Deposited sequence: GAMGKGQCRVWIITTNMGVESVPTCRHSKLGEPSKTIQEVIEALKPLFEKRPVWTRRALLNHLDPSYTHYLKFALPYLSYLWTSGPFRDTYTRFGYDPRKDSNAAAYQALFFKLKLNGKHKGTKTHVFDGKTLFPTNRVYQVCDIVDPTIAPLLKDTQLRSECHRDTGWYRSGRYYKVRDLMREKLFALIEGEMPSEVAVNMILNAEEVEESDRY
């Protein structure tokens, strides 16, 4: 057991400290905890994949034991599959729109970045701040955030959120097959009115 505390969007208050069952970690895990601390200062919400890509690769399978000392895990909602530092509630801070996670249920590079062009991505959960694709990123940079964090779409208006999701999904369909997305094909999704 790693003693990770999990949350969903209905939780009254987010976790503020580690699971009571956790004791003091080995020096081996403490090293990973020390590496994680500044990463959580830089960015309060992270997927496992994004963290691994910022960590010494020898920490790969110690990471799951270290995270519960600093963070809790969303198991659904707009922050699904992200670890959030204790005491930070992304439902209360619209700046957390940048850290929302989009999961894709689809069938290579280990990157956490969504560029729209790198073939055979293995990642299936992308955070907004890691979307560099210049045709998709402006859609979420420019949009007026909602006045409340929605249970599914978080800080993003539904029609804009699902346009972005559809664009990403279409590009992934192709990238995972070893094909470049068709600009003209994708442009139909991009130019569609928002539902």
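Numbered from 1 along the deposited sequence, what ranges are absent from the coordinates?
Coordinates drop out over 1-8, 116-121, 210-215.
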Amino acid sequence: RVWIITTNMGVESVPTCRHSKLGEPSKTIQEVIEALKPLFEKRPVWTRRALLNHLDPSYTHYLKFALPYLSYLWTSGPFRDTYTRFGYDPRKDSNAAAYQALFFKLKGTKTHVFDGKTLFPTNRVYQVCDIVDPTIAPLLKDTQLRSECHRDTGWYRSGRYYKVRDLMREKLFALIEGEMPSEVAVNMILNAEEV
From here on, numbers count along this sequence of modelled residues.
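Which is higher on average in the deposited entry, the C-alpha temperature factors of 141-149 or of 162-170?
Comparing averages over the C-alpha atoms only gives 162-170.
Looking at the entry, does 172-180 or 6-14 show the higher mean C-alpha B-factor?
Taking the mean B-factor of the alpha carbons in each, 172-180 is higher.
Per the PDB entry, which option out of 56, 41, 133, 130 has the greatest Cα B factor?
Result of the comparison over 56, 41, 133, 130: 56.
Among 75, 95, 122, 100 - the residue whose C-alpha B-factor is largest in the record:
Of 75, 95, 122, 100, 122 has the highest C-alpha B-factor.
Record-listed C-alpha B factor of residue 29: chain third:
Highest third.
Can you work out whether the C-alpha temperature factor of residue 105 puts it in the lowest, middle or highest third of the chain?
As the PDB entry reports it, the C-alpha B-factor of residue 105 lands in the highest third of its chain.
Thinking about Cα B factors across the chain, which third does residue 61 belong to?
Its C-alpha B-factor belongs to the highest third of this chain's values.
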